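Listing of data-v3.pdb; format and content: PDB, N, CA and C atoms and all ligand atoms.
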```pdb
ATOM      1  N   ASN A   1     -16.193   4.083   2.094
ATOM      2  CA  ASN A   1     -16.721   3.455   0.890
ATOM      3  C   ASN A   1     -16.030   2.139   0.553
ATOM      4  N   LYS A   2     -15.386   1.486   1.513
ATOM      5  CA  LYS A   2     -14.525   0.353   1.226
ATOM      6  C   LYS A   2     -15.335  -0.944   1.223
ATOM      7  N   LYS A   3     -14.651  -2.067   0.993
ATOM      8  CA  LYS A   3     -15.292  -3.383   0.923
ATOM      9  C   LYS A   3     -14.983  -4.145   2.207
ATOM     10  N   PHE A   4     -15.826  -3.947   3.213
ATOM     11  CA  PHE A   4     -15.721  -4.721   4.444
ATOM     12  C   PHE A   4     -16.403  -6.071   4.270
ATOM     13  N   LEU A   5     -15.631  -7.143   4.388
ATOM     14  CA  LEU A   5     -16.210  -8.447   4.636
ATOM     15  C   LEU A   5     -16.847  -8.451   6.023
ATOM     16  N   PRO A   6     -17.893  -9.265   6.233
ATOM     17  CA  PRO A   6     -18.648  -9.189   7.501
ATOM     18  C   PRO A   6     -17.859  -9.552   8.748
ATOM     19  N   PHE A   7     -16.735 -10.245   8.615
ATOM     20  CA  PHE A   7     -15.834 -10.405   9.745
ATOM     21  C   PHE A   7     -14.820  -9.274   9.832
ATOM     22  N   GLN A   8     -14.469  -8.670   8.697
ATOM     23  CA  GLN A   8     -13.527  -7.556   8.673
ATOM     24  C   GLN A   8     -14.143  -6.335   9.340
ATOM     25  N   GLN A   9     -13.487  -5.839  10.378
ATOM     26  CA  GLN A   9     -14.020  -4.741  11.170
ATOM     27  C   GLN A   9     -13.124  -3.518  11.183
ATOM     28  N   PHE A  10     -11.814  -3.710  11.264
ATOM     29  CA  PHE A  10     -10.879  -2.628  11.540
ATOM     30  C   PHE A  10     -10.142  -2.289  10.256
ATOM     31  N   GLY A  11     -10.315  -1.058   9.782
ATOM     32  CA  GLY A  11      -9.485  -0.565   8.703
ATOM     33  C   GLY A  11      -8.198  -0.009   9.276
ATOM     34  N   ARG A  12      -7.074  -0.443   8.723
ATOM     35  CA  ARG A  12      -5.786   0.114   9.101
ATOM     36  C   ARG A  12      -5.233   1.003   8.001
ATOM     37  N   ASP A  13      -4.491   2.013   8.420
ATOM     38  CA  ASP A  13      -3.849   2.944   7.513
ATOM     39  C   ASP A  13      -2.442   2.455   7.188
ATOM     40  N   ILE A  14      -1.657   3.310   6.535
ATOM     41  CA  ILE A  14      -0.252   3.003   6.323
ATOM     42  C   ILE A  14       0.519   3.192   7.625
ATOM     43  N   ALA A  15       0.017   4.051   8.512
ATOM     44  CA  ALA A  15       0.609   4.274   9.825
ATOM     45  C   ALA A  15       0.159   3.256  10.866
ATOM     46  N   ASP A  16      -0.507   2.180  10.435
ATOM     47  CA  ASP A  16      -0.843   1.002  11.236
ATOM     48  C   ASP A  16      -1.783   1.318  12.396
ATOM     49  N   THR A  17      -2.576   2.379  12.285
ATOM     50  CA  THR A  17      -3.524   2.744  13.323
ATOM     51  C   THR A  17      -4.945   2.433  12.863
ATOM     52  N   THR A  18      -5.911   2.802  13.694
ATOM     53  CA  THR A  18      -7.317   2.567  13.394
ATOM     54  C   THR A  18      -7.813   3.624  12.417
ATOM     55  N   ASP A  19      -8.374   3.182  11.294
ATOM     56  CA  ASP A  19      -8.829   4.095  10.255
ATOM     57  C   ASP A  19     -10.322   4.002   9.985
ATOM     58  N   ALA A  20     -10.847   2.806   9.728
ATOM     59  CA  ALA A  20     -12.249   2.630   9.377
ATOM     60  C   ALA A  20     -12.843   1.477  10.174
ATOM     61  N   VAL A  21     -14.040   1.692  10.724
ATOM     62  CA  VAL A  21     -14.628   0.803  11.715
ATOM     63  C   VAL A  21     -16.036   0.400  11.289
ATOM     64  N   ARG A  22     -16.678  -0.374  12.164
ATOM     65  CA  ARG A  22     -18.052  -0.838  12.012
ATOM     66  C   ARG A  22     -18.635  -1.100  13.393
ATOM     67  N   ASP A  23     -19.868  -0.639  13.613
ATOM     68  CA  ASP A  23     -20.568  -0.877  14.874
ATOM     69  C   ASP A  23     -20.841  -2.369  15.037
ATOM     70  N   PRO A  24     -20.456  -2.980  16.164
ATOM     71  CA  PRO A  24     -20.830  -4.385  16.401
ATOM     72  C   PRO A  24     -22.319  -4.606  16.600
ATOM     73  N   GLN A  25     -23.097  -3.560  16.865
ATOM     74  CA  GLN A  25     -24.532  -3.748  17.020
ATOM     75  C   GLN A  25     -25.246  -3.667  15.675
ATOM     76  N   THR A  26     -24.910  -2.665  14.867
ATOM     77  CA  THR A  26     -25.538  -2.444  13.570
ATOM     78  C   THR A  26     -24.469  -2.450  12.489
ATOM     79  N   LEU A  27     -24.679  -3.248  11.446
ATOM     80  CA  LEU A  27     -23.686  -3.390  10.386
ATOM     81  C   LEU A  27     -23.671  -2.139   9.519
ATOM     82  N   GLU A  28     -22.535  -1.437   9.519
ATOM     83  CA  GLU A  28     -22.407  -0.147   8.849
ATOM     84  C   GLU A  28     -20.932   0.199   8.677
ATOM     85  N   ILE A  29     -20.573   0.706   7.501
ATOM     86  CA  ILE A  29     -19.198   1.122   7.238
ATOM     87  C   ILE A  29     -19.028   2.567   7.685
ATOM     88  N   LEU A  30     -17.961   2.839   8.429
ATOM     89  CA  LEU A  30     -17.687   4.176   8.924
ATOM     90  C   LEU A  30     -16.289   4.606   8.513
ATOM     91  N   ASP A  31     -16.021   5.896   8.689
ATOM     92  CA  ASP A  31     -14.698   6.460   8.478
ATOM     93  C   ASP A  31     -14.398   7.428   9.613
ATOM     94  N   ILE A  32     -13.123   7.518   9.978
ATOM     95  CA  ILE A  32     -12.688   8.294  11.132
ATOM     96  C   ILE A  32     -11.727   9.373  10.658
ATOM     97  N   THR A  33     -11.973  10.610  11.082
ATOM     98  CA  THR A  33     -11.037  11.710  10.890
ATOM     99  C   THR A  33     -10.666  12.260  12.260
ATOM    100  N   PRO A  34      -9.387  12.290  12.627
ATOM    101  CA  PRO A  34      -9.014  12.700  13.985
ATOM    102  C   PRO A  34      -9.180  14.195  14.210
ATOM    103  N   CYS A  35      -9.304  14.549  15.484
ATOM    104  CA  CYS A  35      -9.511  15.916  15.936
ATOM    105  C   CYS A  35      -8.156  16.559  16.240
ATOM    106  N   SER A  36      -8.174  17.672  16.986
ATOM    107  CA  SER A  36      -6.993  18.418  17.445
ATOM    108  C   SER A  36      -6.182  18.954  16.264
ATOM    109  N   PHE A  37      -6.833  19.822  15.503
ATOM    110  CA  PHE A  37      -6.226  20.408  14.319
ATOM    111  C   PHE A  37      -5.176  21.437  14.725
ATOM    112  N   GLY A  38      -3.926  21.183  14.345
ATOM    113  CA  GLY A  38      -2.787  22.091  14.294
ATOM    114  C   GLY A  38      -2.499  22.824  15.589
ATOM    115  N   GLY A  39      -1.860  23.986  15.448
ATOM    116  CA  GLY A  39      -1.441  24.783  16.584
ATOM    117  C   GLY A  39      -1.801  26.251  16.480
ATOM    118  N   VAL A  40      -1.206  27.074  17.340
ATOM    119  CA  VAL A  40      -1.577  28.476  17.492
ATOM    120  C   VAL A  40      -0.456  29.340  16.935
ATOM    121  N   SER A  41      -0.786  30.191  15.968
ATOM    122  CA  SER A  41       0.147  31.166  15.424
ATOM    123  C   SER A  41      -0.310  32.568  15.798
ATOM    124  N   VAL A  42       0.635  33.408  16.205
ATOM    125  CA  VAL A  42       0.334  34.761  16.655
ATOM    126  C   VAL A  42       1.052  35.742  15.746
ATOM    127  N   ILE A  43       0.291  36.636  15.127
ATOM    128  CA  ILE A  43       0.836  37.686  14.281
ATOM    129  C   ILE A  43       0.839  38.978  15.078
ATOM    130  N   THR A  44       1.994  39.632  15.152
ATOM    131  CA  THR A  44       2.066  40.921  15.821
ATOM    132  C   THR A  44       3.109  41.795  15.144
ATOM    133  N   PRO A  45       2.895  43.100  15.120
ATOM    134  CA  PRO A  45       3.972  44.019  14.747
ATOM    135  C   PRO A  45       4.844  44.330  15.947
ATOM    136  N   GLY A  46       5.739  45.302  15.800
ATOM    137  CA  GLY A  46       6.517  45.751  16.940
ATOM    138  C   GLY A  46       5.630  46.391  17.995
ATOM    139  N   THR A  47       5.978  46.143  19.261
ATOM    140  CA  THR A  47       5.176  46.628  20.381
ATOM    141  C   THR A  47       5.212  48.147  20.465
ATOM    142  N   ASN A  48       6.366  48.745  20.167
ATOM    143  CA  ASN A  48       6.458  50.195  20.096
ATOM    144  C   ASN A  48       5.711  50.770  18.901
ATOM    145  N   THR A  49       5.426  49.955  17.887
ATOM    146  CA  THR A  49       4.636  50.433  16.761
ATOM    147  C   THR A  49       3.145  50.338  17.054
TER
ATOM    148  N   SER B   1      47.389   5.278 -25.049
ATOM    149  CA  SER B   1      48.761   5.769 -25.174
ATOM    150  C   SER B   1      48.749   6.947 -26.141
ATOM    151  N   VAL B   2      48.455   8.123 -25.590
ATOM    152  CA  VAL B   2      48.401   9.337 -26.392
ATOM    153  C   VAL B   2      49.814   9.729 -26.795
ATOM    154  N   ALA B   3      49.996  10.032 -28.078
ATOM    155  CA  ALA B   3      51.306  10.373 -28.603
ATOM    156  C   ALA B   3      51.776  11.721 -28.067
ATOM    157  N   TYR B   4      53.076  11.951 -28.204
ATOM    158  CA  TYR B   4      53.706  13.190 -27.780
ATOM    159  C   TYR B   4      54.851  13.484 -28.733
ATOM    160  N   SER B   5      55.047  14.760 -29.039
ATOM    161  CA  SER B   5      56.055  15.163 -30.001
ATOM    162  C   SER B   5      56.936  16.241 -29.395
ATOM    163  N   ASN B   6      57.960  16.613 -30.152
ATOM    164  CA  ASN B   6      58.840  17.718 -29.821
ATOM    165  C   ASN B   6      58.519  18.957 -30.637
ATOM    166  N   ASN B   7      58.161  18.781 -31.908
ATOM    167  CA  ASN B   7      57.952  19.901 -32.814
ATOM    168  C   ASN B   7      56.658  19.741 -33.602
ATOM    169  N   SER B   8      55.645  19.139 -32.988
ATOM    170  CA  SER B   8      54.345  18.983 -33.617
ATOM    171  C   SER B   8      53.271  19.200 -32.563
ATOM    172  N   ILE B   9      52.072  19.567 -33.016
ATOM    173  CA  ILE B   9      50.993  19.917 -32.106
ATOM    174  C   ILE B   9      49.671  19.530 -32.759
ATOM    175  N   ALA B  10      48.631  19.408 -31.936
ATOM    176  CA  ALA B  10      47.283  19.090 -32.389
ATOM    177  C   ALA B  10      46.360  20.237 -32.005
ATOM    178  N   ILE B  11      45.708  20.831 -32.998
ATOM    179  CA  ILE B  11      44.854  21.996 -32.811
ATOM    180  C   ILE B  11      43.466  21.641 -33.332
ATOM    181  N   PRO B  12      42.403  21.898 -32.574
ATOM    182  CA  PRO B  12      41.056  21.548 -33.038
ATOM    183  C   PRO B  12      40.606  22.392 -34.218
ATOM    184  N   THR B  13      39.781  21.775 -35.062
ATOM    185  CA  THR B  13      39.302  22.390 -36.286
ATOM    186  C   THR B  13      37.796  22.572 -36.333
ATOM    187  N   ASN B  14      37.053  21.890 -35.475
ATOM    188  CA  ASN B  14      35.601  21.960 -35.448
ATOM    189  C   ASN B  14      35.181  21.548 -34.047
ATOM    190  N   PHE B  15      33.961  21.918 -33.673
ATOM    191  CA  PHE B  15      33.566  21.821 -32.275
ATOM    192  C   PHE B  15      32.191  21.205 -32.072
ATOM    193  N   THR B  16      31.717  21.249 -30.830
ATOM    194  CA  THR B  16      30.433  20.688 -30.437
ATOM    195  C   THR B  16      29.942  21.469 -29.229
ATOM    196  N   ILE B  17      28.676  21.867 -29.246
ATOM    197  CA  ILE B  17      28.064  22.566 -28.126
ATOM    198  C   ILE B  17      27.198  21.574 -27.365
ATOM    199  N   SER B  18      27.607  21.250 -26.145
ATOM    200  CA  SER B  18      26.950  20.235 -25.338
ATOM    201  C   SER B  18      26.187  20.884 -24.195
ATOM    202  N   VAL B  19      24.997  20.361 -23.926
ATOM    203  CA  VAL B  19      24.161  20.819 -22.825
ATOM    204  C   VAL B  19      24.338  19.866 -21.654
ATOM    205  N   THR B  20      24.804  20.395 -20.534
ATOM    206  CA  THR B  20      25.004  19.619 -19.323
ATOM    207  C   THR B  20      23.971  20.058 -18.297
ATOM    208  N   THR B  21      23.352  19.088 -17.634
ATOM    209  CA  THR B  21      22.252  19.336 -16.714
ATOM    210  C   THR B  21      22.654  18.911 -15.312
ATOM    211  N   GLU B  22      22.662  19.861 -14.387
ATOM    212  CA  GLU B  22      22.887  19.574 -12.982
ATOM    213  C   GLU B  22      21.577  19.676 -12.218
ATOM    214  N   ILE B  23      21.511  18.963 -11.099
ATOM    215  CA  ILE B  23      20.338  18.942 -10.238
ATOM    216  C   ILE B  23      20.817  19.174  -8.818
ATOM    217  N   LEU B  24      20.353  20.253  -8.201
ATOM    218  CA  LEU B  24      20.759  20.577  -6.853
ATOM    219  C   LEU B  24      19.536  20.698  -5.960
ATOM    220  N   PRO B  25      19.492  19.995  -4.834
ATOM    221  CA  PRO B  25      18.386  20.188  -3.895
ATOM    222  C   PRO B  25      18.520  21.519  -3.181
ATOM    223  N   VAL B  26      17.377  22.146  -2.911
ATOM    224  CA  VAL B  26      17.373  23.462  -2.280
ATOM    225  C   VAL B  26      16.615  23.418  -0.965
ATOM    226  N   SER B  27      15.368  22.974  -1.008
ATOM    227  CA  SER B  27      14.492  23.035   0.151
ATOM    228  C   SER B  27      14.186  21.634   0.645
ATOM    229  N   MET B  28      14.550  21.361   1.890
ATOM    230  CA  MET B  28      14.001  20.204   2.564
ATOM    231  C   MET B  28      12.540  20.488   2.901
ATOM    232  N   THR B  29      11.754  19.420   3.032
ATOM    233  CA  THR B  29      10.370  19.517   3.470
ATOM    234  C   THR B  29      10.279  20.137   4.857
ATOM    235  N   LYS B  30       9.692  21.330   4.934
ATOM    236  CA  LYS B  30       9.509  22.021   6.202
ATOM    237  C   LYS B  30       8.564  21.231   7.092
ATOM    238  N   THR B  31       8.963  21.019   8.342
ATOM    239  CA  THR B  31       8.250  20.110   9.225
ATOM    240  C   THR B  31       8.145  20.711  10.614
ATOM    241  N   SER B  32       6.920  20.854  11.103
ATOM    242  CA  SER B  32       6.659  21.202  12.490
ATOM    243  C   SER B  32       6.037  20.000  13.180
ATOM    244  N   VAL B  33       6.574  19.638  14.338
ATOM    245  CA  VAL B  33       6.107  18.476  15.079
ATOM    246  C   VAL B  33       5.673  18.932  16.460
ATOM    247  N   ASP B  34       4.383  18.802  16.742
ATOM    248  CA  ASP B  34       3.903  18.983  18.099
ATOM    249  C   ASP B  34       4.322  17.788  18.944
ATOM    250  N   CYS B  35       4.625  18.056  20.209
ATOM    251  CA  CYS B  35       5.098  17.000  21.090
ATOM    252  C   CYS B  35       3.967  16.359  21.875
ATOM    253  N   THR B  36       3.015  17.169  22.335
ATOM    254  CA  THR B  36       1.986  16.669  23.238
ATOM    255  C   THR B  36       0.989  15.788  22.501
ATOM    256  N   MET B  37       0.565  16.209  21.308
ATOM    257  CA  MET B  37      -0.312  15.370  20.500
ATOM    258  C   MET B  37       0.425  14.140  19.984
ATOM    259  N   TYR B  38       1.749  14.228  19.839
ATOM    260  CA  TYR B  38       2.543  13.044  19.527
ATOM    261  C   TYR B  38       2.606  12.099  20.718
ATOM    262  N   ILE B  39       3.144  12.577  21.837
ATOM    263  CA  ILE B  39       3.419  11.702  22.971
ATOM    264  C   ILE B  39       2.141  11.374  23.724
ATOM    265  N   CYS B  40       1.475  12.400  24.246
ATOM    266  CA  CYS B  40       0.361  12.217  25.169
ATOM    267  C   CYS B  40      -0.941  12.391  24.395
ATOM    268  N   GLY B  41      -1.339  11.331  23.700
ATOM    269  CA  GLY B  41      -2.570  11.387  22.942
ATOM    270  C   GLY B  41      -3.779  11.268  23.841
ATOM    271  N   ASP B  42      -4.460  12.401  24.052
ATOM    272  CA  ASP B  42      -5.676  12.517  24.865
ATOM    273  C   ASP B  42      -5.448  12.034  26.299
ATOM    274  N   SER B  43      -4.571  12.737  27.008
ATOM    275  CA  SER B  43      -4.288  12.365  28.384
ATOM    276  C   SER B  43      -4.031  13.606  29.219
ATOM    277  N   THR B  44      -4.097  13.413  30.531
ATOM    278  CA  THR B  44      -3.791  14.444  31.511
ATOM    279  C   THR B  44      -2.603  14.060  32.375
ATOM    280  N   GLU B  45      -2.566  12.812  32.850
ATOM    281  CA  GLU B  45      -1.449  12.340  33.659
ATOM    282  C   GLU B  45      -0.162  12.275  32.853
ATOM    283  N   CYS B  46      -0.267  11.976  31.555
ATOM    284  CA  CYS B  46       0.904  11.982  30.686
ATOM    285  C   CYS B  46       1.490  13.381  30.566
ATOM    286  N   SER B  47       0.632  14.390  30.396
ATOM    287  CA  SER B  47       1.116  15.764  30.318
ATOM    288  C   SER B  47       1.645  16.252  31.660
ATOM    289  N   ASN B  48       1.059  15.784  32.764
ATOM    290  CA  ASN B  48       1.561  16.162  34.080
ATOM    291  C   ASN B  48       2.929  15.550  34.344
ATOM    292  N   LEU B  49       3.153  14.325  33.869
ATOM    293  CA  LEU B  49       4.480  13.737  33.979
ATOM    294  C   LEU B  49       5.455  14.370  32.999
TER
HETATM  295  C1  LIG A 101      63.117  16.843 -30.335
HETATM  296  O1  LIG A 101      62.985  15.564 -29.681
HETATM  297  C2  LIG A 101      63.381  14.449 -30.493
HETATM  298  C3  LIG A 101      63.079  13.200 -29.698
HETATM  299  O2  LIG A 101      64.137  12.255 -29.790
HETATM  300  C4  LIG A 101      64.856  14.584 -30.858
HETATM  301  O3  LIG A 101      65.225  13.509 -31.715
HETATM  302  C5  LIG A 101      65.110  15.918 -31.551
HETATM  303  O4  LIG A 101      66.505  16.083 -31.775
HETATM  304  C6  LIG A 101      64.583  17.080 -30.706
HETATM  305  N1  LIG A 101      64.741  18.339 -31.415
HETATM  306  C7  LIG A 101      65.851  19.081 -31.348
HETATM  307  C8  LIG A 101      65.841  20.350 -32.143
HETATM  308  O5  LIG A 101      66.820  18.739 -30.680
HETATM  309  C1  LIG A 102      31.500  20.587 -37.948
HETATM  310  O1  LIG A 102      30.898  19.459 -37.272
HETATM  311  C2  LIG A 102      29.491  19.287 -37.489
HETATM  312  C3  LIG A 102      29.057  18.129 -36.624
HETATM  313  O2  LIG A 102      29.805  18.088 -35.416
HETATM  314  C4  LIG A 102      29.238  19.057 -38.974
HETATM  315  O3  LIG A 102      27.844  18.899 -39.210
HETATM  316  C5  LIG A 102      29.769  20.246 -39.762
HETATM  317  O4  LIG A 102      29.597  20.016 -41.154
HETATM  318  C6  LIG A 102      31.253  20.481 -39.466
HETATM  319  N1  LIG A 102      31.720  21.672 -40.152
HETATM  320  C7  LIG A 102      32.978  21.828 -40.573
HETATM  321  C8  LIG A 102      33.281  23.120 -41.267
HETATM  322  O5  LIG A 102      33.833  20.967 -40.395
END
```
Could I get this structure in the form of structure tokens?
Amino acid sequence: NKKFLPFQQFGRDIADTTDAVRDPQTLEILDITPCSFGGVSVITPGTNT
Amino acid sequence: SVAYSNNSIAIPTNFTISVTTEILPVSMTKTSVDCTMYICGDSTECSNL
């Protein structure tokens, strides 16, 4: 929902990476949310139980 | 230069109840850091190395 000037293409975050973009073919404001959510947690009781 | 005597003394006659506030840290921010998503962002040869 930001204010992209027509030359402004790349939104940067505080972490200085790519945040918000625009298609060079069609003028449109986009937002990016990265994939690879978290890790694997395993719950188990005692094996003898 | 607080005075001092041989046969005289100073005894309090009235008091004051003061509230003192201490601040102690207890919990650091718990942090889990994955290594592969940190180092090798979307790669195979990086993980093989
Ligand atoms: C207590 O100390 C003072 C300090 O000079 C002295 O003059 C006095 O004689 C002392 N008291 C006694 C009982 O000696
Ligand atoms: C003791 O001190 C308080 C303030 O510190 C005062 O308001 C009060 O009247 C005093 N009382 C006596 C008996 O000296």
Could I get the residue neighbourhood of ligand LIG 101 (chain A) at 12 Å, counting only C-alpha atoms and all ligand atoms, as a PyMOL selection string?
chain B and resi 4-8
Throw together the list of residues within 6.5 Å of ligand LIG 102 (chain A), counting only N, CA and C atoms and all ligand atoms, and drop it here as a ChimeraX atom specification.
/B:13-16
Using the chain letters and numbers from the file, give me the residues hit by the PyMOL selection byres (((chain A and resi 23-40) around 8) and not hetatm), as a list in words.
residues 1, 2, 4, 9, 18, 19, 20, 21, 22, 41, 42 and 43 of chain A; 34 and 37 of chain B
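Going from CA of residue 27 (chain B) to CA of residue 44 (chain A) covers 26.8 Å.
Backbone DSSP assigns strand (DSSP E or B) in chain A to residues 11, 12, 18, 19 and 20 of chain A.
The residues caught by the PyMOL selection byres ((chain B and name CA) within 12 of (chain A and not hetatm and name CA)) in this file are residues 32, 33, 34, 35, 36, 37, 38, 41 and 42 of chain B.
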Step one, run DSSP on the backbone; step two, keep only residues of chain B assigned to alpha helix (DSSP H); then write them as a PyMOL selection string.
chain B and resi 36-39+45-48
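Atom C of residue 16 (chain A) to atom C of residue 48 (chain B) spans 26.6 Å [interatomic distance, one decimal].
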Quick one: axis-aligned box around all listed atoms of region 16-34 of chain A, 6 Å on every side, centre and edge lengths in Å to one decimal, written as AutoDock Vina command-line options.
```
--center_x -13.0 --center_y 4.8 --center_z 12.1 --size_x 37.0 --size_y 30.8 --size_z 21.8
```
To one decimal in Å, tell me the separation between CA of residue 44 (chain B) and CA of residue 31 (chain B).
26.0 Å
